[PDB]
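The block underneath contains the structure these notes are about, expressed in structure tokens.
In this chain, numbering begins with 1 at the start of the sequence shown. The basis for the numbers below is simple: all heavy atoms, side chains too, and nothing from hydrogens, waters or symmetry mates. Atoms within a ligand are numbered from 1 in the order they appear, just like the ligands themselves.
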Amino acid sequence: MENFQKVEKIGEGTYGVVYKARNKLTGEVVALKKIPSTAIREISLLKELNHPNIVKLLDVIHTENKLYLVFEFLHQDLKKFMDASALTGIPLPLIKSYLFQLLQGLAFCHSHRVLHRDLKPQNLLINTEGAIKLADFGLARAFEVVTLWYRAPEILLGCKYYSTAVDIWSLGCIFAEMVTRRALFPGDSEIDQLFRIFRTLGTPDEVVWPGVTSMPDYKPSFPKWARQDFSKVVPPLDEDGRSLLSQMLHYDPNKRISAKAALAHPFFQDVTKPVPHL
Ligand SMILES: CN(C)CCNS(=O)(=O)c1ccc(N/C=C2\C(=O)Nc3ccccc32)cc1
């Protein structure tokens, strides 16, 4: 670590504090995250998982029982950009570009059997060129209140062997939030999160989600709410966008659209790559 000069604190991350730093050997500006052998090996595998829509893991430094992760640096996260665009809204072509790029990143990771598990606006980073990238990819398998807003229902219901579908759910929640300028399911406890999902999408049952009633944290005493139309949930999203969103928010993880199939969706027939106003 004597090769890095800290510039400023850029986040109180999930596993530790993230700093903007300068590498003295290469002159490179980086993001430095200060965090067992199982972890060293899994983290070392993430150094090979390179894609244009994944924030690059440059190096892993294990010294004096501390672990430092050196990442590519980007200047803004999607949370800040959404807050800055609250009065006007992010233009639909840019929302579409960002969703398309994030699905490309997820298709890549998922093809290598790597899950993110904690997608949220704070770990989606943007640049001046119109790119958006997934940050902290794979750190949840390897290792302030953690937000539950983007957590898939199977996780909330106690599935310990969940799938790549959890990342599609989180991304669907983020898509809805870009469109409406408000979080879709802002729960402040696990039960509040689950019941907010149920109030919008309907309480799940064996018809829509075979096996749901046997899940660990499923309770037959859950209230039975009717499902709402998506036209009420994400106005003024068009029918292609609503169709895609509905497929990203299917209850059954097996029915939920994959990232690769989502890329082929008609919503992306007119996708472009606009420059954001930063
Ligand atoms: C100092 N303060 C107010 C900044 C917080 N808000 S921000 O400007 O939107 C902002 C600026 C930069 C960042 N970077 C975050 C990361 C980065 O670059 N690589 C990473 C790899 C893994 C995890 C995080 C990052 C985020 C937000």
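Residue pairs meeting the side chain to side chain donor-acceptor pair (under 3.5 Å) criterion with at least one partner in residues 249-261, sequence neighbours excluded, are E154-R256, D252-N254, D252-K255.
For the pair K96 and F267, the cation-pi test (distance below 6.0 Å, angle within 45°) is passed.
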One line per pair, note the atom names and distance for all nitrogen or oxygen contacts under 3.5 Å between ligand 1 and the protein.
residue	atom	partner	partner atom	Å
ligand 1	8 (O)	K80	NZ	3.4
ligand 1	9 (O)	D77	N	3.3
ligand 1	14 (N)	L74	O	3.4
ligand 1	18 (O)	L74	N	2.9
ligand 1	18 (O)	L74	O	3.2
ligand 1	19 (N)	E72	O	2.9

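Remark: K79 engages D83 in a salt bridge (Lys or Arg N to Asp or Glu O under 4.0 Å) (not counting sequence neighbours). Taking the salt bridge (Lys or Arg N to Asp or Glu O under 4.0 Å) definition, one finds that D229 meets it with nothing, sequence neighbours left out.
Looking at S97 and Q101, their side chains do bring a donor and an acceptor atom within 3.5 Å of each other.
Ion pair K224/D205 not flagged as a salt bridge, since none of the NZ, NE, NH1 or NH2 atoms sits closer than 4.0 Å to an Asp/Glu carboxylate oxygen.
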